[PDB]
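Worksheet: one structure, shown below.
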Amino acid sequence: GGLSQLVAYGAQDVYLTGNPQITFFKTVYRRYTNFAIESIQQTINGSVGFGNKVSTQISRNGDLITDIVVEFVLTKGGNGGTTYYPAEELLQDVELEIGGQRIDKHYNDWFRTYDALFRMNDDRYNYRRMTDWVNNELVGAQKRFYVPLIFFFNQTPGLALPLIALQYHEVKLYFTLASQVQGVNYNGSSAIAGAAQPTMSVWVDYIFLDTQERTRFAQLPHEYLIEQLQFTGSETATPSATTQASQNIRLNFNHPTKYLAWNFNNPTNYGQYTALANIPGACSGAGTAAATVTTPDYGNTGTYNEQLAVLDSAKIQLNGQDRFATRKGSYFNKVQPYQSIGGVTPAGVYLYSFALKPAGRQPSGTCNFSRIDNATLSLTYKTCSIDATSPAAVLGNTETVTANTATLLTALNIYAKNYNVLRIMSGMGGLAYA
Amino acid sequence: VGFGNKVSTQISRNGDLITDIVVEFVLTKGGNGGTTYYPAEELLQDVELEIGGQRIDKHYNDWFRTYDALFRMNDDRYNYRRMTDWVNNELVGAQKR
Amino acid sequence: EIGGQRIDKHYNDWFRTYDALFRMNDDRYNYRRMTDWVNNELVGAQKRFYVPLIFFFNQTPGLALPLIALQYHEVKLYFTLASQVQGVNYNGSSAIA
Amino acid sequence: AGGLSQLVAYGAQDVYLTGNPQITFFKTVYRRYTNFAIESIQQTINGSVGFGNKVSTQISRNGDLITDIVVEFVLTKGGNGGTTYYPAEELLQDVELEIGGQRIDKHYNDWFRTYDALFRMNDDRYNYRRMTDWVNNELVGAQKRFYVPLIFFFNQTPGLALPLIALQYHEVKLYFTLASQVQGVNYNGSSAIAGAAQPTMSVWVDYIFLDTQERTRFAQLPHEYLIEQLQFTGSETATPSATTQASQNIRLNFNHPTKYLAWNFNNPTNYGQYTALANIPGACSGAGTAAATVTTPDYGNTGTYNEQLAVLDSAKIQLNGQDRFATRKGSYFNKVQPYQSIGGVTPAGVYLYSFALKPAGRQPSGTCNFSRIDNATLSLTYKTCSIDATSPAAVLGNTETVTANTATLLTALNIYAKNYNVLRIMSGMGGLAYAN
Amino acid sequence: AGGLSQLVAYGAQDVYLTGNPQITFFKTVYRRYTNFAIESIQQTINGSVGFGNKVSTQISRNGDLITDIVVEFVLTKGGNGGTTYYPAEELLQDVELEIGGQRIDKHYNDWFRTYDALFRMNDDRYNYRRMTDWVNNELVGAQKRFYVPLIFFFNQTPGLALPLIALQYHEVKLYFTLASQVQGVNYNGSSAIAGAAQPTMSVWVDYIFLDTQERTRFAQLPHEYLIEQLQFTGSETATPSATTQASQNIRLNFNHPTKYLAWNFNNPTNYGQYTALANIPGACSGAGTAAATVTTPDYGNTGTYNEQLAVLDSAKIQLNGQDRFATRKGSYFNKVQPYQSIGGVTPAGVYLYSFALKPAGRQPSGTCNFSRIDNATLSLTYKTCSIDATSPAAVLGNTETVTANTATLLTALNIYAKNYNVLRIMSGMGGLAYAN
Amino acid sequence: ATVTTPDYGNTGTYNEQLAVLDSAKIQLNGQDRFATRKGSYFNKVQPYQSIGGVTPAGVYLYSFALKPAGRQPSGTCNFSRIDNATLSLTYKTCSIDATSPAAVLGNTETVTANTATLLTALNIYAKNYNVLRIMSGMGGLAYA
Amino acid sequence: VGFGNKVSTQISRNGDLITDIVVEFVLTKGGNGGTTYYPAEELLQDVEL
Amino acid sequence: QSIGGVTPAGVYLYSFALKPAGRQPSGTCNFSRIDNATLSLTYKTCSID
Amino acid sequence: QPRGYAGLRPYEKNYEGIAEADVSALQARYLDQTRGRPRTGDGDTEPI
Amino acid sequence: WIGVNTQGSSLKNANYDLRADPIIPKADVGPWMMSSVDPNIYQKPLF
């Protein structure tokens, strides 16, 4: 049996097993510090409702904080298929403030873009179960959604924010709730009579440290290498059915950037990054007589069908020099994620990494835009020649074209993720670089 | 071995260390597709591990189901399901290991 | 197997081949008497058969395994029973009800 | 090439076989030996020979040592082929060996049959049969000279040649009892055969002639010869029944280091019948046809390997109330024991249990000393005799634990034990070394 | 209880078996041996092979030592099953062994038949028959390859491997004579078979390849091999009459320390026929039915154990006018001698008388030195050939002193003697120590 | 008579005409170990010379030992030191009509019954000598 | 375990000394009340120590 | 094992003692040193008419 | 001989299996005492 | 291991009566039949 393999040994094995360093059959576990984790509700200041601004202050219950989950309770304003990640749409934005300094900020669209690029498999599925209705629920159904935040300290304990080391500084979360949420209080442009206002609660998971560890955090200076989001909105060089639109955007970005990400969208419909079409799932009623290529099948707003995307090609130019050769939109949609993330990105969402592994915590190559005068994103759009109401026109067409309904994707959202340092000393914190 | 029976085995001292253990079963379908649910997992009601006569641990069919429900995922979970159930619409009389 | 180490392995066909070559005369006839029905027995007949093993220690006292010198090693035999036995549970390809 | 391709295939795995070689196979050494010759000499029988008569002979010191002894008999068939079964063996009812007046040993016609059943084999067995029976379909009136070799310890090997030369003041005598009846020769079952002839008999001894110095050493030096002896008691059987499995516990009144026990169950009136009669080929007179009678054997085919006609279900030897070995089935004693210890085939109804590794040789190889057992016993369980012997289907298709209704006729049990003793010869005299 | 109960039962009588033990049965130590390899190498045949031809082969010096030699033949059947009897054995009429131009030995087809009749047995004998005859009811036109192993002293044991290596200046050759006719192959009795194939032949020698040290010693050292030789003379038989008992005194022109004598009576017309023909099953062509004749044998069943068809009533061997042993009956030589000395079964018409304890072996065990005996004579008494061979009752029911009238056809007598001599090899040359 | 099913009680036979091996040789390290011999040589002669028993047709033996049936080493082929070892077989032509008795019984050396084609499996066995070392309560084979 | 079978156990070293030993059996009646007599006793043909 | 009498159905005993029926203090189970001694029961299905 | 030993088809001298005791040694007792009462441990000793 | 012999080779010729027999020391009187039976002396007799 197995012995016949052990004896099969010679010079070619020496590089693999000679003077062996490790085994696999005995693990040394590392003794760790003594700690405990508790989920504690924060008080929401202000008034919760659609379109309102509320805020919360994180209470000093524990020593460090990590995960933050914002609970929302919404009721369906219509039947199954009318909503799309509505809890995500609702949390329009969240701003992180430490010591009165703006540290970071996320947007509903970022949560959608981020998810589209970085979550995957059953992480992504379980993730949707917490922000949408995915079991064919009907009008009036009530659900509590759990929207995790994705600030640096909300992703790893390694960057738990040491509130204990911030005795003098408040840590606050400022939230903007959307004026409308699709399939909840509005249906496209129409209001839904009788829709309920949201119930909201913010939960913070706090780490309790024992004496030696707590003391070190409280007294020692720290430098936490964290990530931040940069974001600007732009008008899209709106696609046309007659030609190929083009655009060159100087990006007002800074800091060592692990990656850029972007999408084109129809601001009317949360998560719509692609054109509408009369092909199954691509529009409300798609595939039948009732199909309308003016309204999405909200429950199926996102798609992997690149025919409905609008980016033909793109490049990033730095101070007049090409950073890389121009690549097709499908490179940025399918290859980049293959190489850098290992997940599957929806059509209309694009990524370009400067990092070997942008999805991780450890720096693995960055582009420092603080040293670049003219960082320009060059975008070439597809020609919107396809009659979206004819599935044959869509499904049988060429690489350089898209749906006539693709011209509705008039908004452009460009994101960048970078590294910075959150310095903490003598009970206070703030960023090393602006 | 049979339904409702308690059986046991002593692990043979053939190698130096042991890791993975797989229990094989051969089951047949007593009805059509849609009638079973992880039947090999259901069948193995529980397993108790003993060293030198001392209990070390014990798993239950329900635990296997709970464990799977919580800790396996994606294609690991599907591949697991393939190893304990009939998932290609097999019919009555079908035999599977 | 000794101490978990495989020492040897024989097959029904080996016993037949071995016999065909190395046994003889009345030892062979008696062997046949211990493994078959040689007196024109009929259906339903019952007999106890004795199949001696042919491992080295089963051939001479000179090689008797020293269980006494194997204080830490077991001597074990493993057997596989045939899926079918001709004229006992099957007749060529047919099962015998 | 050729064979050299094998010689060059040499390495560490060969050292245990050929390194520092001790022997070769391609040059043998024969040992030089003494100068001796073998002469076959007729001895004088003292007494009348006939059926039921008892005679004796004294072996003359014609040579120095004696080995083989052959008793010649001449019989005429009292019926046709198929009516006799080893009749010269049956005829010599028994033989006693006496040295110095001490009884050294004794063999019985049945022992010769049991011994043969267990220890002779193949052509050795057939050739033996050719010297004691009619095996070429001879007919009534056919005359044949039979040779019955004796099986006393000095008849087994030159190595135990009896040193008559060293027994100057003691005589060696054999006593032979001739059976009152021999089947198919002077009686057919219970019926006397009119006109049957009385046997002609002669005893021959094969004597070893040694040279001057070899003779001197044997004549003058004391010698201790390791010999075999046969212990034997005949007894009744807990006769098998068609209604129940009979059982029996027989105290074994044995002594001495015993190599093995041997036994059989037989029909007291049919020589060599260790199995039940049946209407299956060879198992009864007329078997295979309408006239078959399961009260009389096909004498020429008395012996059989068909276990279904045997009567022992199981047996064990118990010593001082304790099991000596696990209870085994009758078929174990009949088939496996001799497979393991002898290498021949034993006929159904004949059983062996060895306390020795190689009981068929002369060299001691493990013994049970019954002189050190208070209460040895042979425990026997019999098969149920429920099978209708007149119907071959009933016989051929039956189960392990049953036998023929005619199996209850095997009422006799013969238990033998073969042991060692020492025959001490000194100053011209000799007798058995241990009394018990 | 159990085996431990036997060990504890120790007494005075165990001391002579296990006290101060010398050996154990449970620890066999095997001897390390010189490394070697065996290769079967085809030899050429000088001269076309066919019936009646004389051909020969020189053994090549391919290896160092030689043992087994097998002659292959391909024969065809000139009639159906039952028409042949050991035809490959018959075909190899003889073989001579010559070293350096001088004869060492010579074997003949009849010897191979006699040798087999006496010394092979059981399955060995059957397997041999399977290599020399057609034993599965093959039909006319059937063709197969037949093997006839040689039986010269070096062909029976590695211990006598012939040191071709030590015979650097002397060739070793085998000369073969093919029979002019072979029954059931090219002739049916006296009638030639039209279209009969001539035999294909091949001679194979098994060579031993020695390692360096063993090889060197054999090449350089002188050697002495104690070997056997076969002496043989065919002669006129005092053919039995139906009116009386023929008798004969045959001067035996034998020499050397003879191990044993052997002989047979035969009908030279029919190879292997050592007995009278008769109308009893297997004893003649068509025996048992309307077509039976006692002029032709059932060739496939030529050999028989029915002594009624044998021609020797009794015999003795005289040495210088002194009876060697008392006169014994033909069945003593046919049945008792081989029982005692070989352990196999000898067919009717074949006789053995040993001067040795173990004539079937290689180790000397008592011999008759005929080189010291002026007059060695075999004295024979024949049976009266008065039984009507065509009437099975007449044969099967006959008396000890008579045989079938057809016994008169056994006019040829073959007397053999196997003896020891020494083959000496030195300085590359060799031959025998004694000339006679 | 059906030549697709054996008389099970008489499955084995000594009738060489039903054998399927015409001839064979063993080749070691690209060179012949012995000259090719007929199937009947392996079936009848090897056993004659080395065992003294009688081997059924269809079963073959080639000994490297003088006395392979014993326990005492008497010559071995060490395949552990042979890079290449091959058994070379030649089969008989299975042209004989098995259902027509004369066709079998009266045929030649290189042919057999058409039913020979059904013997599709080949089982090759070898017996070698190793050392079982036992000491201090444990043991195993010296040469794994 | 079954009718006519020979089975055995090696007692494990769970404790230091042992006393009571009880063999459990599960049997099903092959007939009505009155047809059995101490059947678990009849079943345990023997036991060796 | 512990009493030698016969107990009616529905009444159960588990001894921590060698001889619970006697006065002598054979072995005992000290619950004053045991955190949550628990009796775990499994009931039969009451399906029979 | 033309081909030298390629070294292929190797073996390992004196390969013993894992030691398996037949005596079946007693199970090892624990090192942590039984968690009895957590707050009223070792009796109370009520007075008169 | 299996126990000493409380009887051994002594009970071959035991005393029927209860009066202890006079001990005869077995000491090879004859050079032929030696008679391996033991003496069998009573330990604590009736007296």
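For the structure tokens, the naming scheme is as follows: chains receive sequential letters (A, B, ...) according to their order of presentation, residues are indexed from 1 within each chain, and ligands are indexed from 1 in presentation order.
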
Using only C-alpha atoms, determine which residues of chain G fall within 10 Å of chain I; present them as a ChimeraX atom specification. /G:10-16

Writing out the chosen residues with N, CA, C and O atoms as a short mmCIF file (atom, residue, chain, number, x, y, z; two decimals), in the first residue's frame:
data_model
loop_
_atom_site.label_atom_id
_atom_site.label_comp_id
_atom_site.auth_asym_id
_atom_site.auth_seq_id
_atom_site.Cartn_x
_atom_site.Cartn_y
_atom_site.Cartn_z
N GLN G 10 -13.74 -9.70 23.98
CA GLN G 10 -12.59 -9.47 24.83
C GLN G 10 -13.00 -8.35 25.71
O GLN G 10 -13.45 -7.32 25.23
N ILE G 11 -12.85 -8.53 27.01
CA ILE G 11 -13.31 -7.50 27.90
C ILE G 11 -12.33 -6.35 27.92
O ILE G 11 -11.14 -6.55 28.20
N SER G 12 -12.82 -5.15 27.63
CA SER G 12 -12.01 -3.95 27.58
C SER G 12 -11.53 -3.52 28.94
O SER G 12 -12.15 -3.79 29.96
N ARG G 13 -10.46 -2.74 28.97
CA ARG G 13 -9.97 -2.24 30.24
C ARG G 13 -10.50 -0.85 30.54
O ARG G 13 -9.78 0.15 30.53
N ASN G 14 -11.78 -0.81 30.78
CA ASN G 14 -12.43 0.44 31.14
C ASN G 14 -12.29 0.77 32.61
O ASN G 14 -12.13 1.93 32.97
N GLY G 15 -12.37 -0.25 33.44
CA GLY G 15 -12.28 -0.06 34.88
C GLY G 15 -11.15 -0.93 35.36
O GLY G 15 -10.49 -1.57 34.55
N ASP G 16 -10.99 -1.05 36.66
CA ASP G 16 -9.87 -1.80 37.15
C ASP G 16 -10.25 -3.24 37.49
O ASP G 16 -9.48 -4.18 37.26
#

Excluding same-chain residues fewer than 4 positions from residue 10 in chain B, what lies within 12 Å of it counting only C-alpha atoms, as a list in words?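 In the requested format, the answer is residues 14, 48, 49, 50, 51, 52 and 53 of chain B; 20 of chain I.
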
With chain C as the partner and 7 Å as the cut-off, tabulate the residues of chain I that qualify, each row holding the nearest pair of atoms and their distance in Å to one decimal, using only C-alpha atoms, sorted by chain and rising number, as a tab-separated table.
residue	atom	partner	partner_atom	distance
I:16	CA	C:5	CA	6.9
I:17	CA	C:3	CA	4.9
I:18	CA	C:3	CA	6.4
I:19	CA	C:72	CA	5.4
I:20	CA	C:72	CA	5.0
I:21	CA	C:72	CA	4.7
I:22	CA	C:72	CA	6.6

Secondary structure check, strand (DSSP E or B) residues of range 227-270 of chain D, as an MDAnalysis selection string: chainID D and resid 227:236 247:251 257:266

For N, CA, C and O atoms, I'd like the residues from the last selection saved as a JSON list (two decimals), in the first residue's frame.
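Output (again.json):
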[["chain", "number", "residue", "atom", "x", "y", "z"],
["D", 227, "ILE", "N", 10.70, -48.11, 19.91],
["D", 227, "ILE", "CA", 9.76, -48.85, 19.11],
["D", 227, "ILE", "C", 8.36, -48.35, 19.27],
["D", 227, "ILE", "O", 8.02, -47.71, 20.26],
["D", 228, "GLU", "N", 7.53, -48.74, 18.33],
["D", 228, "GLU", "CA", 6.13, -48.44, 18.42],
["D", 228, "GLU", "C", 5.39, -49.66, 18.97],
["D", 228, "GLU", "O", 5.81, -50.79, 18.72],
["D", 229, "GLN", "N", 4.29, -49.42, 19.68],
["D", 229, "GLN", "CA", 3.38, -50.46, 20.17],
["D", 229, "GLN", "C", 1.93, -50.08, 19.88],
["D", 229, "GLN", "O", 1.58, -48.89, 19.89],
["D", 230, "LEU", "N", 1.06, -51.06, 19.68],
["D", 230, "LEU", "CA", -0.35, -50.75, 19.50],
["D", 230, "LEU", "C", -1.18, -51.17, 20.70],
["D", 230, "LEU", "O", -1.18, -52.33, 21.10],
["D", 231, "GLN", "N", -1.92, -50.24, 21.26],
["D", 231, "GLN", "CA", -2.83, -50.55, 22.34],
["D", 231, "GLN", "C", -4.19, -50.70, 21.71],
["D", 231, "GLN", "O", -4.58, -49.89, 20.87],
["D", 232, "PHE", "N", -4.95, -51.71, 22.11],
["D", 232, "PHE", "CA", -6.28, -51.87, 21.54],
["D", 232, "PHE", "C", -7.31, -52.53, 22.39],
["D", 232, "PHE", "O", -7.07, -53.60, 22.95],
["D", 233, "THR", "N", -8.48, -51.91, 22.44],
["D", 233, "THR", "CA", -9.64, -52.49, 23.09],
["D", 233, "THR", "C", -10.86, -52.38, 22.18],
["D", 233, "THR", "O", -11.17, -51.30, 21.66],
["D", 234, "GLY", "N", -11.57, -53.49, 22.00],
["D", 234, "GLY", "CA", -12.80, -53.44, 21.23],
["D", 234, "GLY", "C", -13.92, -53.22, 22.23],
["D", 234, "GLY", "O", -13.88, -53.78, 23.32],
["D", 235, "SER", "N", -14.96, -52.50, 21.83],
["D", 235, "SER", "CA", -16.08, -52.24, 22.73],
["D", 235, "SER", "C", -17.38, -52.01, 21.98],
["D", 235, "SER", "O", -17.40, -51.88, 20.75],
["D", 236, "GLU", "N", -18.49, -52.01, 22.71],
["D", 236, "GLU", "CA", -19.77, -51.73, 22.09],
["D", 236, "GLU", "C", -19.92, -50.23, 21.86],
["D", 236, "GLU", "O", -19.37, -49.41, 22.61],
["D", 247, "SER", "N", -24.96, -40.87, 22.25],
["D", 247, "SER", "CA", -23.66, -40.34, 22.62],
["D", 247, "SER", "C", -22.96, -41.35, 23.48],
["D", 247, "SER", "O", -23.59, -42.22, 24.09],
["D", 248, "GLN", "N", -21.64, -41.26, 23.53],
["D", 248, "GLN", "CA", -20.87, -42.20, 24.31],
["D", 248, "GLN", "C", -19.57, -41.62, 24.84],
["D", 248, "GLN", "O", -18.85, -40.93, 24.14],
["D", 249, "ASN", "N", -19.25, -41.94, 26.08],
["D", 249, "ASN", "CA", -17.99, -41.51, 26.66],
["D", 249, "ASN", "C", -17.21, -42.72, 27.08],
["D", 249, "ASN", "O", -17.61, -43.45, 28.00],
["D", 250, "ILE", "N", -16.13, -42.97, 26.37],
["D", 250, "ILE", "CA", -15.34, -44.16, 26.57],
["D", 250, "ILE", "C", -14.07, -43.91, 27.30],
["D", 250, "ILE", "O", -13.21, -43.15, 26.84],
["D", 251, "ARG", "N", -13.96, -44.48, 28.50],
["D", 251, "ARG", "CA", -12.70, -44.27, 29.26],
["D", 251, "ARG", "C", -11.59, -44.93, 28.43],
["D", 251, "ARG", "O", -11.75, -46.11, 28.07],
["D", 257, "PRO", "N", 3.60, -42.64, 26.01],
["D", 257, "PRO", "CA", 3.59, -41.57, 25.03],
["D", 257, "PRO", "C", 2.93, -42.04, 23.76],
["D", 257, "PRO", "O", 3.51, -42.84, 23.02],
["D", 258, "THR", "N", 1.77, -41.49, 23.47],
["D", 258, "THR", "CA", 0.97, -41.85, 22.32],
["D", 258, "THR", "C", 1.07, -40.85, 21.19],
["D", 258, "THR", "O", 0.91, -39.64, 21.38],
["D", 259, "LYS", "N", 1.37, -41.36, 20.00],
["D", 259, "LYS", "CA", 1.47, -40.52, 18.83],
["D", 259, "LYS", "C", 0.08, -40.17, 18.37],
["D", 259, "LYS", "O", -0.20, -39.02, 18.04],
["D", 260, "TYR", "N", -0.78, -41.17, 18.33],
["D", 260, "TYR", "CA", -2.13, -40.90, 17.87],
["D", 260, "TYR", "C", -3.16, -41.91, 18.31],
["D", 260, "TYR", "O", -2.84, -43.06, 18.66],
["D", 261, "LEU", "N", -4.43, -41.50, 18.24],
["D", 261, "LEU", "CA", -5.52, -42.44, 18.43],
["D", 261, "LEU", "C", -6.17, -42.69, 17.10],
["D", 261, "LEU", "O", -6.29, -41.81, 16.25],
["D", 262, "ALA", "N", -6.69, -43.87, 16.94],
["D", 262, "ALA", "CA", -7.39, -44.17, 15.72],
["D", 262, "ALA", "C", -8.58, -45.01, 16.04],
["D", 262, "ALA", "O", -8.56, -45.81, 16.97],
["D", 263, "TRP", "N", -9.64, -44.83, 15.30],
["D", 263, "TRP", "CA", -10.79, -45.63, 15.61],
["D", 263, "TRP", "C", -11.73, -45.75, 14.46],
["D", 263, "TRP", "O", -11.66, -45.02, 13.47],
["D", 264, "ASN", "N", -12.64, -46.68, 14.59],
["D", 264, "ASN", "CA", -13.66, -46.77, 13.59],
["D", 264, "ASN", "C", -14.90, -47.38, 14.17],
["D", 264, "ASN", "O", -14.86, -48.05, 15.21],
["D", 265, "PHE", "N", -16.02, -47.20, 13.47],
["D", 265, "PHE", "CA", -17.32, -47.81, 13.87],
["D", 265, "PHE", "C", -17.65, -48.86, 12.79],
["D", 265, "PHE", "O", -17.62, -48.48, 11.60],
["D", 266, "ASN", "N", -17.96, -50.10, 13.17],
["D", 266, "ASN", "CA", -18.16, -51.07, 12.11],
["D", 266, "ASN", "C", -19.28, -52.05, 12.33],
["D", 266, "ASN", "O", -19.81, -52.23, 13.43]]

Could the residues of chain I that have an atom at most 7 Å from chain H be listed as CSV, each with its closest atom pair and the distance in Å to one decimal, counting only C-alpha atoms and ordered by chain and ascending residue number?
residue,atom,partner,partner_atom,distance
I:34,CA,H:34,CA,6.4
I:35,CA,H:35,CA,5.1
I:36,CA,H:34,CA,3.0
I:37,CA,H:35,CA,4.4
I:38,CA,H:35,CA,6.5
I:41,CA,H:33,CA,6.5
I:42,CA,H:32,CA,6.5
I:43,CA,H:32,CA,6.7

Compile the contact shell of range 200-208 of chain A as a list in words: residues with an atom at most 6 Å away, counting only C-alpha atoms, same-chain residues fewer than 4 positions apart removed. residues 35, 36, 37, 38, 39, 40, 41, 42, 62, 63, 64, 65, 66, 67, 68, 69, 70, 71 and 72 of chain A

How would the residues just chosen look if you wrote them out with C-alpha atoms as a short mmCIF file (atom, residue, chain, number, x, y, z; two decimals), in the first residue's frame?
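Result went into again_15.cif, see below:
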data_model
loop_
_atom_site.label_atom_id
_atom_site.label_comp_id
_atom_site.auth_asym_id
_atom_site.auth_seq_id
_atom_site.Cartn_x
_atom_site.Cartn_y
_atom_site.Cartn_z
CA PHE A 35 -11.26 38.56 24.88
CA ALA A 36 -15.03 38.39 24.37
CA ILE A 37 -17.39 39.86 21.76
CA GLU A 38 -20.82 41.46 22.40
CA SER A 39 -23.49 42.78 20.08
CA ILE A 40 -24.77 46.09 21.48
CA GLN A 41 -27.46 48.37 20.10
CA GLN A 42 -26.58 51.98 19.45
CA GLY A 62 -16.28 47.64 24.90
CA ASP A 63 -12.70 48.37 24.05
CA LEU A 64 -12.49 47.69 20.32
CA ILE A 65 -15.16 47.64 17.58
CA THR A 66 -15.49 45.71 14.36
CA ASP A 67 -18.58 44.59 12.63
CA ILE A 68 -21.47 46.99 12.27
CA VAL A 69 -24.84 45.89 11.07
CA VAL A 70 -27.63 48.24 10.31
CA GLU A 71 -31.03 46.72 10.66
CA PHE A 72 -33.94 47.98 8.65
#
